[PDB]
Structure formats: C-alpha cells, structure tokens
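J.: Structure file coords.cif (mmCIF, C-alpha atoms) is given on the next line.
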```
data_run
loop_
_atom_site.label_atom_id
_atom_site.label_comp_id
_atom_site.auth_asym_id
_atom_site.auth_seq_id
_atom_site.Cartn_x
_atom_site.Cartn_y
_atom_site.Cartn_z
CA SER A 10 105.68 258.25 148.72
CA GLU A 11 107.16 259.66 145.46
CA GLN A 12 107.27 256.16 143.79
CA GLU A 13 103.60 255.31 144.62
CA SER A 14 102.60 258.81 143.38
CA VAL A 15 104.35 258.09 140.00
CA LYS A 16 102.46 254.70 139.79
CA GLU A 17 99.04 256.36 140.56
CA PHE A 18 99.74 259.23 138.08
CA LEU A 19 100.57 256.77 135.26
CA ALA A 20 97.58 254.48 135.96
CA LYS A 21 95.23 257.52 135.59
CA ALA A 22 97.12 258.70 132.45
CA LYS A 23 96.68 255.25 130.82
CA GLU A 24 92.92 255.25 131.65
CA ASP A 25 92.52 258.77 130.12
CA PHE A 26 94.60 257.70 127.04
CA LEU A 27 92.71 254.42 126.37
CA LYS A 28 89.30 256.19 126.50
CA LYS A 29 90.45 258.74 123.81
CA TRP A 30 92.32 256.09 121.80
CA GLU A 31 89.17 253.89 121.54
CA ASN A 32 86.88 256.78 120.61
CA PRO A 33 88.94 259.48 118.81
CA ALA A 34 87.53 262.99 118.22
CA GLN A 35 86.94 263.95 114.54
CA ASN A 36 85.77 267.10 112.55
CA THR A 37 86.12 269.80 115.21
CA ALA A 38 86.64 272.84 112.81
CA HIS A 39 86.58 274.06 109.16
CA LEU A 40 89.21 275.82 106.96
CA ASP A 41 87.00 278.98 106.58
CA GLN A 42 87.49 279.64 110.38
CA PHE A 43 91.24 280.37 109.96
CA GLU A 44 93.37 283.10 108.33
CA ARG A 45 96.79 282.04 106.93
CA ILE A 46 99.76 283.92 108.37
CA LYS A 47 102.95 282.14 107.12
CA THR A 48 104.39 278.74 106.02
CA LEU A 49 106.55 277.40 108.95
CA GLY A 50 107.66 274.18 107.24
CA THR A 51 107.24 272.15 104.01
CA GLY A 52 107.69 268.45 103.32
CA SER A 53 106.71 265.51 101.05
CA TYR A 54 103.13 265.19 102.60
CA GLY A 55 102.43 268.95 102.62
CA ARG A 56 103.16 271.75 105.09
CA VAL A 57 102.75 273.48 108.46
CA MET A 58 101.41 277.06 108.50
CA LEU A 59 100.99 279.63 111.24
CA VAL A 60 97.26 280.47 111.22
CA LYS A 61 94.83 282.70 113.19
CA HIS A 62 91.51 281.32 114.48
CA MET A 63 89.24 284.16 113.26
CA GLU A 64 86.54 283.84 116.02
CA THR A 65 89.14 284.20 118.89
CA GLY A 66 92.28 285.69 117.31
CA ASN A 67 94.30 282.75 118.74
CA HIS A 68 97.27 281.58 116.71
CA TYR A 69 97.97 277.93 115.83
CA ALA A 70 100.31 275.79 113.70
CA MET A 71 98.08 274.00 111.12
CA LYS A 72 99.55 270.88 109.47
CA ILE A 73 98.02 270.50 105.91
CA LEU A 74 98.36 267.10 104.26
CA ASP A 75 97.43 266.54 100.63
CA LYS A 76 95.41 263.25 100.64
CA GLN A 77 96.63 262.30 97.14
CA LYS A 78 100.28 262.87 98.09
CA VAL A 79 99.86 260.86 101.36
CA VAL A 80 98.38 257.90 99.31
CA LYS A 81 101.17 258.20 96.65
CA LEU A 82 103.90 258.20 99.35
CA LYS A 83 102.32 255.20 101.17
CA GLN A 84 101.69 257.27 104.34
CA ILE A 85 97.97 256.48 105.02
CA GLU A 86 98.64 254.42 108.21
CA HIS A 87 101.30 256.89 109.47
CA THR A 88 98.91 259.85 108.98
CA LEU A 89 95.90 258.19 110.65
CA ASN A 90 98.17 256.94 113.52
CA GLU A 91 99.79 260.40 114.09
CA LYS A 92 96.36 262.02 114.46
CA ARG A 93 95.03 259.16 116.66
CA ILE A 94 98.01 259.53 119.09
CA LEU A 95 97.87 263.35 119.16
CA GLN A 96 94.19 263.46 120.14
CA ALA A 97 94.69 260.78 122.86
CA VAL A 98 97.85 261.97 124.72
CA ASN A 99 98.03 264.56 127.53
CA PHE A 100 101.42 265.60 128.97
CA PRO A 101 102.94 269.10 129.47
CA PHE A 102 105.79 268.49 127.02
CA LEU A 103 103.63 267.01 124.18
CA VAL A 104 102.11 269.42 121.58
CA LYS A 105 98.28 269.71 121.92
CA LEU A 106 95.95 268.98 119.01
CA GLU A 107 93.34 271.75 119.19
CA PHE A 108 91.23 270.81 116.13
CA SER A 109 91.25 268.34 113.21
CA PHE A 110 89.14 268.12 110.01
CA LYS A 111 89.31 267.20 106.34
CA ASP A 112 87.89 268.48 103.07
CA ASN A 113 87.85 267.14 99.47
CA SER A 114 91.63 267.51 99.01
CA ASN A 115 93.32 267.79 102.42
CA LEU A 116 93.65 266.59 106.04
CA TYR A 117 94.07 269.33 108.66
CA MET A 118 95.58 269.15 112.15
CA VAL A 119 95.43 272.45 114.10
CA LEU A 120 98.17 272.31 116.70
CA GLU A 121 99.34 274.43 119.61
CA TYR A 122 101.76 277.07 118.22
CA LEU A 123 105.33 277.13 119.68
CA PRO A 124 106.70 280.64 119.02
CA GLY A 125 110.24 279.84 120.29
CA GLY A 126 110.86 277.76 117.13
CA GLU A 127 113.12 274.67 116.72
CA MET A 128 115.75 273.52 119.22
CA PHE A 129 117.78 272.73 116.01
CA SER A 130 117.94 276.51 115.04
CA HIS A 131 119.08 277.57 118.52
CA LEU A 132 121.63 274.75 118.81
CA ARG A 133 123.23 275.53 115.41
CA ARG A 134 123.14 279.33 116.17
CA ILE A 135 124.79 278.98 119.63
CA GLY A 136 127.03 276.05 118.53
CA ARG A 137 126.49 273.93 121.68
CA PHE A 138 124.61 274.05 124.96
CA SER A 139 126.34 274.12 128.33
CA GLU A 140 125.76 270.94 130.43
CA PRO A 141 123.07 272.59 132.75
CA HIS A 142 121.29 273.90 129.55
CA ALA A 143 121.47 270.42 127.88
CA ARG A 144 120.38 268.78 131.20
CA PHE A 145 117.22 270.94 131.46
CA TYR A 146 116.06 269.79 127.98
CA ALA A 147 117.25 266.18 128.63
CA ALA A 148 115.12 266.03 131.85
CA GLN A 149 112.00 267.04 129.84
CA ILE A 150 112.67 264.20 127.37
CA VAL A 151 113.22 261.65 130.21
CA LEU A 152 109.81 262.50 131.74
CA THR A 153 108.18 262.58 128.26
CA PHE A 154 109.53 259.08 127.47
CA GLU A 155 108.54 257.75 130.90
CA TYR A 156 104.95 258.96 130.04
CA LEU A 157 104.93 257.66 126.41
CA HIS A 158 106.58 254.31 127.30
CA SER A 159 103.97 253.75 130.07
CA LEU A 160 101.26 253.91 127.29
CA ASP A 161 103.33 251.36 125.20
CA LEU A 162 104.21 254.14 122.70
CA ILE A 163 107.72 254.06 121.14
CA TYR A 164 108.58 257.55 119.83
CA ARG A 165 111.32 256.64 117.22
CA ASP A 166 112.22 260.12 115.83
CA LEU A 167 113.89 262.10 118.63
CA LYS A 168 116.11 264.96 117.20
CA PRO A 169 116.64 268.71 117.69
CA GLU A 170 114.61 269.30 114.44
CA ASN A 171 111.45 267.84 116.22
CA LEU A 172 111.75 269.67 119.55
CA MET A 173 110.01 273.05 119.64
CA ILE A 174 110.49 275.74 122.32
CA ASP A 175 107.46 277.38 123.93
CA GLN A 176 107.04 280.92 125.45
CA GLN A 177 108.37 279.65 128.84
CA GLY A 178 111.55 278.17 127.28
CA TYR A 179 110.27 274.59 127.82
CA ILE A 180 110.53 272.06 125.04
CA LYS A 181 107.64 270.41 123.26
CA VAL A 182 107.68 267.08 121.38
CA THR A 183 105.63 267.67 118.21
CA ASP A 184 106.09 265.11 115.49
CA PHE A 185 104.44 261.69 115.95
CA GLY A 186 104.88 260.56 112.32
CA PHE A 187 106.86 257.45 113.36
CA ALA A 188 105.49 256.71 116.84
CA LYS A 189 103.95 253.26 117.31
CA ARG A 190 101.79 251.82 120.08
CA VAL A 191 103.26 248.33 120.50
CA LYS A 192 103.72 246.06 123.59
CA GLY A 193 106.47 243.65 122.48
CA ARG A 194 108.88 244.18 119.61
CA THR A 195 108.74 245.87 116.23
CA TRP A 196 110.92 245.68 113.08
CA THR A 197 110.37 248.75 110.81
CA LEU A 198 113.39 250.67 109.53
CA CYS A 199 112.41 254.24 110.45
CA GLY A 200 113.81 257.28 112.19
CA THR A 201 116.72 259.60 111.30
CA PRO A 202 120.15 258.06 110.47
CA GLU A 203 122.28 259.82 113.19
CA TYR A 204 119.70 258.80 115.84
CA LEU A 205 119.16 255.08 114.95
CA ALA A 206 119.94 252.49 117.62
CA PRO A 207 122.20 249.67 116.21
CA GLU A 208 119.44 247.03 116.56
CA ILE A 209 117.28 249.13 114.11
CA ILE A 210 120.13 249.32 111.53
CA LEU A 211 120.85 245.55 111.91
CA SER A 212 117.16 244.58 111.17
CA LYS A 213 116.69 243.02 114.62
CA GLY A 214 113.49 243.11 116.64
CA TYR A 215 113.50 246.21 118.83
CA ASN A 216 111.52 247.94 121.55
CA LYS A 217 111.36 251.17 123.68
CA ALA A 218 115.17 250.87 124.35
CA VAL A 219 115.70 252.55 120.91
CA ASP A 220 114.31 255.81 122.43
CA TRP A 221 116.86 255.65 125.33
CA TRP A 222 119.66 255.22 122.74
CA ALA A 223 118.28 258.27 120.78
CA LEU A 224 118.28 260.21 124.09
CA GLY A 225 122.06 259.47 124.36
CA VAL A 226 122.49 260.84 120.78
CA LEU A 227 120.43 263.96 121.65
CA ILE A 228 122.33 264.65 124.92
CA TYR A 229 125.66 264.21 123.08
CA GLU A 230 124.64 266.51 120.16
CA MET A 231 123.27 269.19 122.54
CA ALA A 232 126.42 269.19 124.73
CA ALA A 233 128.95 268.84 121.83
CA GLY A 234 127.20 270.74 119.01
CA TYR A 235 127.49 267.69 116.74
CA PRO A 236 126.15 264.13 117.00
CA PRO A 237 128.32 261.15 118.14
CA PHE A 238 128.11 259.35 114.74
CA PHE A 239 128.28 261.33 111.51
CA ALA A 240 129.55 260.85 107.92
CA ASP A 241 128.80 262.04 104.32
CA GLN A 242 126.05 259.43 103.65
CA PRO A 243 123.55 257.40 105.81
CA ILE A 244 125.24 254.04 105.02
CA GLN A 245 128.60 255.44 106.38
CA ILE A 246 126.76 256.71 109.56
CA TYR A 247 125.31 253.18 110.07
CA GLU A 248 128.87 251.69 109.99
CA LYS A 249 129.99 253.99 112.87
CA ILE A 250 126.85 253.33 114.95
CA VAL A 251 127.24 249.51 114.75
CA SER A 252 131.05 249.66 115.42
CA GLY A 253 130.56 249.92 119.22
CA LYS A 254 133.01 252.90 119.41
CA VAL A 255 132.28 256.51 120.65
CA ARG A 256 134.64 259.48 121.32
CA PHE A 257 133.84 262.49 123.57
CA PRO A 258 134.90 266.17 123.37
CA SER A 259 137.51 266.98 126.09
CA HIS A 260 135.06 269.53 127.68
CA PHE A 261 132.49 266.75 128.61
CA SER A 262 132.31 266.17 132.41
CA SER A 263 133.09 262.63 133.75
CA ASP A 264 129.38 262.30 134.81
CA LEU A 265 128.17 263.21 131.30
CA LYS A 266 130.55 260.69 129.70
CA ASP A 267 129.38 257.95 132.12
CA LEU A 268 125.69 258.63 131.36
CA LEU A 269 126.42 258.58 127.59
CA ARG A 270 128.35 255.29 127.78
CA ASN A 271 125.23 253.76 129.49
CA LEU A 272 122.71 255.21 126.98
CA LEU A 273 124.88 254.69 123.85
CA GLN A 274 125.20 251.03 124.88
CA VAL A 275 125.05 248.42 122.05
CA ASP A 276 124.31 245.67 124.60
CA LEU A 277 120.54 245.71 125.32
CA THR A 278 120.99 243.89 128.67
CA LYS A 279 123.24 246.83 129.78
CA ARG A 280 121.50 249.93 128.19
CA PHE A 281 120.09 252.47 130.72
CA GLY A 282 116.31 252.78 130.58
CA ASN A 283 116.20 249.05 129.62
CA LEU A 284 117.21 247.51 133.00
CA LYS A 285 115.24 246.17 136.06
CA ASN A 286 115.01 249.74 137.55
CA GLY A 287 113.87 251.13 134.16
CA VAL A 288 113.89 254.94 133.93
CA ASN A 289 115.10 255.30 137.58
CA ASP A 290 118.63 254.27 136.43
CA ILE A 291 118.69 257.50 134.31
CA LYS A 292 116.82 259.70 136.85
CA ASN A 293 119.20 258.65 139.66
CA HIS A 294 122.39 259.04 137.56
CA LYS A 295 125.06 261.50 138.92
CA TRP A 296 124.69 263.77 135.85
CA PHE A 297 121.04 264.40 136.95
CA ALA A 298 121.88 264.89 140.70
CA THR A 299 120.87 268.60 140.59
CA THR A 300 117.65 267.84 138.68
CA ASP A 301 114.43 268.36 140.64
CA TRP A 302 112.25 265.99 138.55
CA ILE A 303 108.93 267.16 140.16
CA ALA A 304 109.79 270.89 139.63
CA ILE A 305 110.56 270.24 135.89
CA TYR A 306 107.23 268.37 135.50
CA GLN A 307 105.42 271.24 137.38
CA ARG A 308 107.20 273.81 135.09
CA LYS A 309 108.59 275.68 138.13
CA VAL A 310 112.24 275.60 136.97
CA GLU A 311 113.47 278.79 135.24
CA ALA A 312 114.38 277.74 131.66
CA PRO A 313 118.03 278.41 130.55
CA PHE A 314 116.89 280.34 127.49
CA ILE A 315 113.67 282.34 127.05
CA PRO A 316 113.09 283.34 123.37
CA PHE A 318 116.77 289.88 118.20
CA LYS A 319 113.21 290.90 117.19
CA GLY A 320 112.75 292.26 113.65
CA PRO A 321 109.55 293.49 111.88
CA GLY A 322 106.52 291.34 112.83
CA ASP A 323 106.02 288.16 114.97
CA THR A 324 107.69 285.60 112.59
CA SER A 325 110.92 287.65 111.91
CA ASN A 326 113.22 284.86 113.22
CA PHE A 327 111.78 282.08 111.00
CA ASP A 328 113.07 280.96 107.58
CA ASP A 329 111.13 282.18 104.54
CA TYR A 330 109.19 279.58 102.56
CA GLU A 331 107.43 280.35 99.25
CA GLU A 332 103.74 281.01 99.98
CA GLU A 333 101.77 278.42 97.90
CA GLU A 334 97.97 278.15 97.45
CA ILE A 335 95.67 275.77 99.38
CA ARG A 336 93.60 274.28 96.56
CA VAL A 337 90.39 272.47 97.45
CA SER A 338 89.19 270.29 94.57
CA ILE A 339 85.45 270.16 93.73
CA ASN A 340 85.87 266.32 93.79
CA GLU A 341 86.41 264.32 96.99
CA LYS A 342 89.78 262.54 96.86
CA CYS A 343 90.65 259.38 98.79
CA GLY A 344 87.41 259.26 100.83
CA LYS A 345 87.56 255.58 101.89
CA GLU A 346 91.30 255.74 102.79
CA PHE A 347 90.78 258.60 105.28
CA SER A 348 87.26 257.81 106.69
CA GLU A 349 88.68 257.45 110.25
CA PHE A 350 90.41 260.86 110.09
CA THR B 5 139.19 268.51 114.70
CA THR B 6 135.94 266.61 115.20
CA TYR B 7 134.05 269.93 114.67
CA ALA B 8 135.89 270.40 111.32
CA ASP B 9 134.99 266.77 110.37
CA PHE B 10 131.28 267.48 111.26
CA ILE B 11 131.26 270.52 108.95
CA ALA B 12 133.00 268.44 106.16
CA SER B 13 130.27 265.70 106.49
CA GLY B 14 127.74 268.02 104.80
CA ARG B 15 125.06 266.90 107.31
CA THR B 16 124.98 270.08 109.44
CA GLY B 17 121.54 271.05 108.10
CA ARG B 18 118.07 269.72 109.01
CA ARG B 19 117.94 265.92 108.70
CA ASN B 20 115.03 264.06 107.15
CA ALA B 21 113.66 260.80 108.50
CA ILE B 22 114.28 257.66 106.37
#
```
As structure tokens - that is how I would like this structure written.

T.:
Amino acid sequence: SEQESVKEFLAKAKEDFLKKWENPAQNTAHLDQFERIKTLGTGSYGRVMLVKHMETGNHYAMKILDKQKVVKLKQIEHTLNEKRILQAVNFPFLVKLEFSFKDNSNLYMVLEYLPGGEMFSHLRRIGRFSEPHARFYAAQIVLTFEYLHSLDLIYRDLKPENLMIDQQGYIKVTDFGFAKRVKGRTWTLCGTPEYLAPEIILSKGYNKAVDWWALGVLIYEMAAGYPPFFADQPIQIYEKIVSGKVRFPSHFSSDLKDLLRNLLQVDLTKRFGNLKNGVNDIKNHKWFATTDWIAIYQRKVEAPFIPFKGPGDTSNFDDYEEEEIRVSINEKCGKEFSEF
Amino acid sequence: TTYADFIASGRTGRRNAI
C-alpha cells in the first residue's frame, strides 16, 4: 500500500527529527579549516560565501552571521531556530548543514553548495517556465511541504529567490530564517509581500495553509513569469491579495487555472492542502496527473533543465565586493548565542 | 499588458522578506 508506506515513512522521519531537535549538534568545525572562494550573497545579518574545506577540497556555501548585527536587528531567536531546524531535518530537497561553529565575532553555518544557483535567476533569464517545467519544481515543493508539515514546521518564505538548483537540476529549499515549529496557530507578520496569504496580512491566526497559498503564488509566477499580485509598494500588493480577485495569462491550461483557484483560495475551509484529504487533494489534481510522485522523491525523473560557461567555476554568479572576515579579540554576545 | 505592468511595478528584482 502506497498510503501506509507514506504513513510509515513520516513516522520514522518524525522520530529521527525529534531526536536531533532535542539534542542539537554544535561546534563541528573551525574557520581555519576553510579557504574563501567568493561571496554568493550579502544581507543585513551578514553573508554567504563559497568556501573550500582544505582537508578534503570539498566546496560548501558558508553562511557568516555577525553576532552584534544579529542582536542589533533582533534576530537572536530566528538565528538559533534556523540552525536548530537545519541540523534536525533530513529530506532530499532540503539543504544539508555540514558543519556549524562560532568564534568571538561570528556564527558559521557550512551548508551543502548548490552550483546551479537561484531559481529566481533562471526564471528571470528565461522569462517563464513551460507548464511541465513548472510542474517538476512544483512537485518537489509539494513533497517538501508534506515532509515539513508532518514535523509541525510552517515554512513561511517560499519564493524563487530561496530555491537553489543542484547539479542534477533538482531544487533545494535553503532558507529557514522564518520557519516555525508550531502545532496550532501563529500570528507573526513575516514572509515576502507577493507571497503572503491574506490571513497573514489581515493579522488573523494562521497555520500551515499559508504555505499552500504561497505554493499557488510560486506556481503562478513560474508559469507566467510574474506573480499573481504585484504593485509599486508592499501596502498596494496587500490590497490586491485581500481583494479575492486573480487574473490568469491566456496561455495557462484549464487544469493549471483550476489548481491555482484552489490554492489561491481566500476561504480557509476551501483551500487545497487544508481540507480533510490534506495534501492528497493537490497530489491527485488533474494538473499533476502525469506526475510520478515516487520517481520525483527517488530523483529518477530527468530534470527539465540541467545547469554558457565563462572563466572559472562561479562565472554565472553576480559579483559582490569581497569584504574581510574580522574576528575580534573580545568575545561578543556569548550568553545570547550559547546554544549555537 | 500584464507583463508591461509587472515591469512598471519596479519589483522585478530580488525581493526581501518583511
């Protein structure tokens, strides 16, 4: 039985997760063991750099967070939570945390490196994805959310900017900066404006159904090349989202439109993923009729795109200014990050 | 067109979380 196999798989995954969640791993490397290659991304907290593990020659994406900046930006809980989730999860489409450590100034998370880069870059380059291309990525997200939701984790920041592509053309969910492990409802205003479910905008209690709404936004943006609700400023985007109105490009198939009407559903008692049959309402939808869910999970499906090569191995990535990694002689924010 | 409106929005670049 396929259904009893799903139940047994998830029961084992929860047992594995809870063991790691209760006793997280800490201090599994040191900065002196890595060579910096290039900055891949910069933000408020700090940055992500491509690095080489000197002992093996393996490459990784190292997230560097300045402890003082994290404290100033009120991100202590978010930082500790992101690391705690990353070390406890295990799914083929979730980025692996290889090592983590801290020094006087910084927190370090050494992650699996995804050389295919952002889905965002490819989507804006190509304009839009064909429906089979969009469907392949959408199927990965469905399975990822079925896994995360089973562990009572709400993701809350789905967007092309967050979805990396690996060597096999498969996507990888990477950023857990807003994910929360909660059973009932939650109230925080977080996420990205275009991707917010109306109940988030309206300050109502919300649950895992917000991720199914964000999936609708993602599918739409992938298939259209632009999101369903956009405007000059976030407040104007919120107005469109809460309106209860959506328009589709003429090239969208009838099946795609029907799936999107069920995901981009204001009414929580009607939203797909949130009904009695849960995720099976999405998995069994006509738009996914050609999807072999087990073959996607087993990574047996040939990806629609497998990532012009210029000088070096980072030639297709944007150029960030290479800034120093300063390690103060004084320990900063020791008590705040003792669990890291 | 909707595509022209998307370009005019000025939110075609990478979007930050709130």

J.: So which residues get picked by the PyMOL selection byres ((chain A) within 8 of (chain B)) here, written as a PyMOL selection string?

T.: chain A and resi 129+166+170+198-202+235+239-241

J.: Keeping only C-alpha atoms, write the selected residues to a file as a CSV table (one decimal), in the coordinates of the input.

T.:
```
chain,number,residue,atom,x,y,z
A,129,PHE,CA,117.8,272.7,116.0
A,166,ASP,CA,112.2,260.1,115.8
A,170,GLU,CA,114.6,269.3,114.4
A,198,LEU,CA,113.4,250.7,109.5
A,199,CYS,CA,112.4,254.2,110.4
A,200,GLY,CA,113.8,257.3,112.2
A,201,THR,CA,116.7,259.6,111.3
A,202,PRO,CA,120.2,258.1,110.5
A,235,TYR,CA,127.5,267.7,116.7
A,239,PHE,CA,128.3,261.3,111.5
A,240,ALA,CA,129.6,260.8,107.9
A,241,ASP,CA,128.8,262.0,104.3
```

J.: Find the residue from A:296, A:154, A:247, A:302 that sits nearest to residue 11 (chain A); use all atoms listed in the file when measuring.

T.: A:302

J.: Name the residues that the PyMOL selection byres ((chain A and resi 188) around 9) picks from the file above, as a PyMOL selection string, using the file's chain letters and numbers.

T.: chain A and resi 87+90-91+94+162-166+184-187+189-190

J.: Starting from the displayed file, determine the output of the PyMOL selection byres ((chain A and resi 103-117) around 9) and express the residue list as an MDAnalysis selection string.

T.: chainID A and resid 34:40 69 71:77 92 95:96 98:102 118:123 153 173 180:184 335:344 347 350

J.: With C-alpha atoms retained, export the selected residues as a PDB file, in the coordinates of the input.

T.:
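Contents of part14.pdb, freshly written:
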```pdb
ATOM      1  CA  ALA A  34      87.530 262.990 118.220  1.00  0.00           C
ATOM      2  CA  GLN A  35      86.940 263.950 114.540  1.00  0.00           C
ATOM      3  CA  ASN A  36      85.770 267.100 112.550  1.00  0.00           C
ATOM      4  CA  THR A  37      86.120 269.800 115.210  1.00  0.00           C
ATOM      5  CA  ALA A  38      86.640 272.840 112.810  1.00  0.00           C
ATOM      6  CA  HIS A  39      86.580 274.060 109.160  1.00  0.00           C
ATOM      7  CA  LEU A  40      89.210 275.820 106.960  1.00  0.00           C
ATOM      8  CA  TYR A  69      97.970 277.930 115.830  1.00  0.00           C
ATOM      9  CA  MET A  71      98.080 274.000 111.120  1.00  0.00           C
ATOM     10  CA  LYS A  72      99.550 270.880 109.470  1.00  0.00           C
ATOM     11  CA  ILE A  73      98.020 270.500 105.910  1.00  0.00           C
ATOM     12  CA  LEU A  74      98.360 267.100 104.260  1.00  0.00           C
ATOM     13  CA  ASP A  75      97.430 266.540 100.630  1.00  0.00           C
ATOM     14  CA  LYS A  76      95.410 263.250 100.640  1.00  0.00           C
ATOM     15  CA  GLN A  77      96.630 262.300  97.140  1.00  0.00           C
ATOM     16  CA  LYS A  92      96.360 262.020 114.460  1.00  0.00           C
ATOM     17  CA  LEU A  95      97.870 263.350 119.160  1.00  0.00           C
ATOM     18  CA  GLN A  96      94.190 263.460 120.140  1.00  0.00           C
ATOM     19  CA  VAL A  98      97.850 261.970 124.720  1.00  0.00           C
ATOM     20  CA  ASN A  99      98.030 264.560 127.530  1.00  0.00           C
ATOM     21  CA  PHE A 100     101.420 265.600 128.970  1.00  0.00           C
ATOM     22  CA  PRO A 101     102.940 269.100 129.470  1.00  0.00           C
ATOM     23  CA  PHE A 102     105.790 268.490 127.020  1.00  0.00           C
ATOM     24  CA  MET A 118      95.580 269.150 112.150  1.00  0.00           C
ATOM     25  CA  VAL A 119      95.430 272.450 114.100  1.00  0.00           C
ATOM     26  CA  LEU A 120      98.170 272.310 116.700  1.00  0.00           C
ATOM     27  CA  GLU A 121      99.340 274.430 119.610  1.00  0.00           C
ATOM     28  CA  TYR A 122     101.760 277.070 118.220  1.00  0.00           C
ATOM     29  CA  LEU A 123     105.330 277.130 119.680  1.00  0.00           C
ATOM     30  CA  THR A 153     108.180 262.580 128.260  1.00  0.00           C
ATOM     31  CA  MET A 173     110.010 273.050 119.640  1.00  0.00           C
ATOM     32  CA  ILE A 180     110.530 272.060 125.040  1.00  0.00           C
ATOM     33  CA  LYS A 181     107.640 270.410 123.260  1.00  0.00           C
ATOM     34  CA  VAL A 182     107.680 267.080 121.380  1.00  0.00           C
ATOM     35  CA  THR A 183     105.630 267.670 118.210  1.00  0.00           C
ATOM     36  CA  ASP A 184     106.090 265.110 115.490  1.00  0.00           C
ATOM     37  CA  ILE A 335      95.670 275.770  99.380  1.00  0.00           C
ATOM     38  CA  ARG A 336      93.600 274.280  96.560  1.00  0.00           C
ATOM     39  CA  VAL A 337      90.390 272.470  97.450  1.00  0.00           C
ATOM     40  CA  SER A 338      89.190 270.290  94.570  1.00  0.00           C
ATOM     41  CA  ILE A 339      85.450 270.160  93.730  1.00  0.00           C
ATOM     42  CA  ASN A 340      85.870 266.320  93.790  1.00  0.00           C
ATOM     43  CA  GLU A 341      86.410 264.320  96.990  1.00  0.00           C
ATOM     44  CA  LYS A 342      89.780 262.540  96.860  1.00  0.00           C
ATOM     45  CA  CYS A 343      90.650 259.380  98.790  1.00  0.00           C
ATOM     46  CA  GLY A 344      87.410 259.260 100.830  1.00  0.00           C
ATOM     47  CA  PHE A 347      90.780 258.600 105.280  1.00  0.00           C
ATOM     48  CA  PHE A 350      90.410 260.860 110.090  1.00  0.00           C
TER      49      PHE A 350
END
```

J.: Between CA of residue 205 (chain A) and CA of residue 327 (chain A), what is the distance, to one decimal in Å?

T.: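 Pair CA of residue 205 (chain A) / CA of residue 327 (chain A) returns 28.3 Å.
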
J.: Give me the residues near region 285-289 of chain A as JSON, numbers by chain, where near means some atom within 10 Å (using all atoms listed in the file) and where sequence neighbours in that chain fewer than 5 positions away do not count.

T.: {"A": [151, 152, 154, 155, 158, 218, 221, 278, 280, 294]}

J.: By how many Å are CA of residue 172 (chain A) and CA of residue 57 (chain A) apart?

T.: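 CA of residue 172 (chain A) sits 14.8 Å away from CA of residue 57 (chain A).
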
J.: Report, in Å to a single decimal, how far apart CA of residue 225 (chain A) and CA of residue 204 (chain A) are.

T.: 8.9 Å

J.: Fewer than 6 positions away in the same chain doesn't count, so skip those; otherwise give me all residues within 12 Å of residue 269 (chain A), counting all atoms listed in the file, as a PyMOL selection string.

T.: chain A and resi 147+221-230+232+236-237+254-257+261-263+275+280-281+291+294-296

J.: Rank A:60, A:310, A:22, A:219 by their smallest atom-to-atom distance to residue 196 (chain A), using all atoms listed in the file, and report the top residue only.

T.: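 With all atoms listed in the file as the atom set, the closest residue is A:219.
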
J.: Would you fill out region 331-348 of chain A with N, CA and C atoms and return it as a JSON list (two decimals), in the coordinates of the input?

T.:
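result_17.json, freshly written:
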```
[["chain", "number", "residue", "atom", "x", "y", "z"],
["A", 331, "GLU", "N", 108.26, 279.76, 100.31],
["A", 331, "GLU", "CA", 107.43, 280.35, 99.25],
["A", 331, "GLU", "C", 105.96, 280.10, 99.60],
["A", 332, "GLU", "N", 105.16, 281.17, 99.66],
["A", 332, "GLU", "CA", 103.74, 281.01, 99.98],
["A", 332, "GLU", "C", 102.95, 280.43, 98.79],
["A", 333, "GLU", "N", 102.55, 279.14, 98.92],
["A", 333, "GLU", "CA", 101.77, 278.42, 97.90],
["A", 333, "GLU", "C", 100.29, 278.30, 98.29],
["A", 334, "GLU", "N", 99.41, 278.27, 97.27],
["A", 334, "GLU", "CA", 97.97, 278.15, 97.45],
["A", 334, "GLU", "C", 97.54, 276.87, 98.21],
["A", 335, "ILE", "N", 96.32, 276.91, 98.75],
["A", 335, "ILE", "CA", 95.67, 275.77, 99.38],
["A", 335, "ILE", "C", 94.48, 275.53, 98.45],
["A", 336, "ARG", "N", 94.64, 274.59, 97.53],
["A", 336, "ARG", "CA", 93.60, 274.28, 96.56],
["A", 336, "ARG", "C", 92.70, 273.19, 97.09],
["A", 337, "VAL", "N", 91.38, 273.43, 97.01],
["A", 337, "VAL", "CA", 90.39, 272.47, 97.45],
["A", 337, "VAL", "C", 89.61, 272.07, 96.21],
["A", 338, "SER", "N", 89.85, 270.84, 95.75],
["A", 338, "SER", "CA", 89.19, 270.29, 94.57],
["A", 338, "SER", "C", 87.67, 270.18, 94.76],
["A", 339, "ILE", "N", 86.91, 270.30, 93.66],
["A", 339, "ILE", "CA", 85.45, 270.16, 93.73],
["A", 339, "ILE", "C", 85.07, 268.68, 93.91],
["A", 340, "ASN", "N", 86.04, 267.77, 93.66],
["A", 340, "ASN", "CA", 85.87, 266.32, 93.79],
["A", 340, "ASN", "C", 86.53, 265.82, 95.07],
["A", 341, "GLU", "N", 85.84, 264.93, 95.80],
["A", 341, "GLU", "CA", 86.41, 264.32, 96.99],
["A", 341, "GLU", "C", 87.47, 263.32, 96.55],
["A", 342, "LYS", "N", 88.65, 263.42, 97.15],
["A", 342, "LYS", "CA", 89.78, 262.54, 96.86],
["A", 342, "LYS", "C", 90.02, 261.66, 98.05],
["A", 343, "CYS", "N", 90.24, 260.37, 97.79],
["A", 343, "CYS", "CA", 90.65, 259.38, 98.79],
["A", 343, "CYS", "C", 89.72, 259.31, 100.02],
["A", 344, "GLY", "N", 88.41, 259.32, 99.77],
["A", 344, "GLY", "CA", 87.41, 259.26, 100.83],
["A", 344, "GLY", "C", 87.51, 258.03, 101.72],
["A", 345, "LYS", "N", 87.50, 256.83, 101.11],
["A", 345, "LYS", "CA", 87.56, 255.58, 101.89],
["A", 345, "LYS", "C", 88.84, 255.47, 102.73],
["A", 346, "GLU", "N", 89.99, 255.82, 102.13],
["A", 346, "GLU", "CA", 91.30, 255.74, 102.79],
["A", 346, "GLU", "C", 91.35, 256.53, 104.09],
["A", 347, "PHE", "N", 90.72, 257.73, 104.12],
["A", 347, "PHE", "CA", 90.78, 258.60, 105.28],
["A", 347, "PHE", "C", 89.47, 258.72, 106.07],
["A", 348, "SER", "N", 88.55, 257.73, 105.97],
["A", 348, "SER", "CA", 87.26, 257.81, 106.69],
["A", 348, "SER", "C", 87.40, 257.95, 108.21]]
```
